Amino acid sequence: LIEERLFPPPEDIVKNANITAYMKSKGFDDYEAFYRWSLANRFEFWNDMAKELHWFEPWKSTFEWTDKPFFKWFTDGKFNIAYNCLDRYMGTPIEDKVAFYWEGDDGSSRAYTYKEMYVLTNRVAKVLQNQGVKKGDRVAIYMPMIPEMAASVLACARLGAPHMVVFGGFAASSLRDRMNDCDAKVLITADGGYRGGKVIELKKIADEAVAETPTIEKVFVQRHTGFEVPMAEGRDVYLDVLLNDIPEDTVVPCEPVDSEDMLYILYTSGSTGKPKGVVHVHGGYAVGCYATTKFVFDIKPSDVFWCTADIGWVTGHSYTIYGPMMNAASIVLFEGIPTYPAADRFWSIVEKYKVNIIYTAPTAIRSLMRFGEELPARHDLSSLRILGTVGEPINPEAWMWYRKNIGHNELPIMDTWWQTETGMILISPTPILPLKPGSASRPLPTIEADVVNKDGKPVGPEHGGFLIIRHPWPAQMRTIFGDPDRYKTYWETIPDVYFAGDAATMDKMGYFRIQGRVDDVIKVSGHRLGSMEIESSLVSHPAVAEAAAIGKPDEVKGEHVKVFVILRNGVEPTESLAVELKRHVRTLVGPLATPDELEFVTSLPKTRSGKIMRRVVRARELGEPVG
């Protein structure tokens, strides 16, 4: 019933939207006709978008294959994404506009204008530059959500040194593996972070990792908690001590890099035992994050924007830092969690900063639904004009709860589908589309999405199949670091199209619904995990011979992990062992990837080539639906 209902947009949004203005300028009033034009005229569209940014040197060609399926956008353009986030606003009124509204776990707070971020980034860039960081060097970042995280990312960008951010919830093995895969040369971290009134010991974990990372030449430490932490002479140095000798008027000019020079690497979990470094580049990634931010979230000059995702994930890269800053938004940056000091924290933040756009995750919404409708009703949320969700299916009851309690039964919900590999939102409503609960809606301009069978034939309306995209888009990953074969499988699993690894349906009006992954990827509480990487993290333990990890449905977390463990012969299979195996995973990989359930078995299903048939494991537990 409820999923098949259409909700028309509120008053005043359609006539005023950014998408409407761009549509008009090309002669359209209807999204469907404009969309069809966008397929036939994709270069014109992306040229128009690219022209709204600053280029050091113009491009020759919008798009081209290099060695299919590798490609490029804005060939020979010289660019720096950091110039479009900072420098180009200097000497204009935007310099005094707030860029980041920082909000600490404990309720402390501080606002940073574009000018202040410009100055702070310049000075951090100088510190990195004096240590020997230069274009092409990888800079690892393991930080809590504080202004110096944002400044470190943009400082790397202005130097042309690709950043490699590791989410602060990962433990030492996870951190070590990511820095060794990409050969990071320096690490930027903090003494610690706060989550729910407790200290997270980032520096201690960083030590455990850096001891087994031979390329790390220096560790820079933000003094955030102020606790006494160990500091190796020579290697480890406090940022504030170095910044003391860097004047307030210091300028490091942006490095004019090629549009195809690396911006960052972000490790994502996949179908192998090792995470894959997705590589994004300055030019096309900037243009895509810019355009999607502008049209989906309808950014205007007076908007305060808040995306609740951590910067350690793609959503925080694209839609907390780069896309919003390129639209000159005022951006909320929050260090803490939804439930501390109490479960109305998000609604305090919205009221305090008069947030206009909130982009959050269903995991947060399902969490807060448990605490009742009274909590958000205690705050003034009338500043909100657009809501958004990302990362997983939002079930209809949560969508209704969101729209009712946070949106006063009026506000649109932008349910955005995309992935780390895609760089930008690809399938999503805009403010002009009528909404269906649980649907990501129609593709964005130029995005040629479809649902096909294993051979590439359209399955037609209302049938399930594989979600594919038929033509590159500017923000797509350009390679997987050190592993181009892994990149090619994305375009060569189904001939000539990009394979998302998601099941989907398209209904009679063209609205897409994403069912979930067709491979070994498991989403727990919003976080992407790989079955085979979890298995590895258990097989490392002396007690364990083999392991199979599956996802099981969970009301709060979406999925939880269960692992079937074969122990070495003779090992007594106890509750104490289960606790110990969970600790092993929690202290090496991190809490986010700790199994909730473990079961000890004496055999597992295997193909003849020795691989674990995970589908059979899951089917034995849960059954397999026919088709």
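Don't overthink the numbering: it's just position in the shown sequence, from 1.
Taking the PDB entry as given, 455-463 carries the higher mean Cα B factor of the two stretches 455-463 and 390-398. For the two regions 420-428 and 503-511, the entry's Cα B-factors average higher over 503-511. Highest CA B-factor among the listed residues (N356, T292, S318, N409): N409. Taking the PDB entry at face value, the top CA B factor among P93, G551, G104, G160 belongs to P93.
When the CA B factors of the chain's modelled residues are split into thirds, the value for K562 lands in the lowest one.
Among all modelled residues in its chain, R528 ranks in the lowest third by Cα B-factor. When the modelled residues of the chain are ordered by their C-alpha B factor, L53 lands in the middle third.
When all modelled residues of the chain are sorted by CA temperature factor, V296 is found within the lowest third. When all modelled residues of the chain are sorted by CA temperature factor, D520 is found within the highest third.
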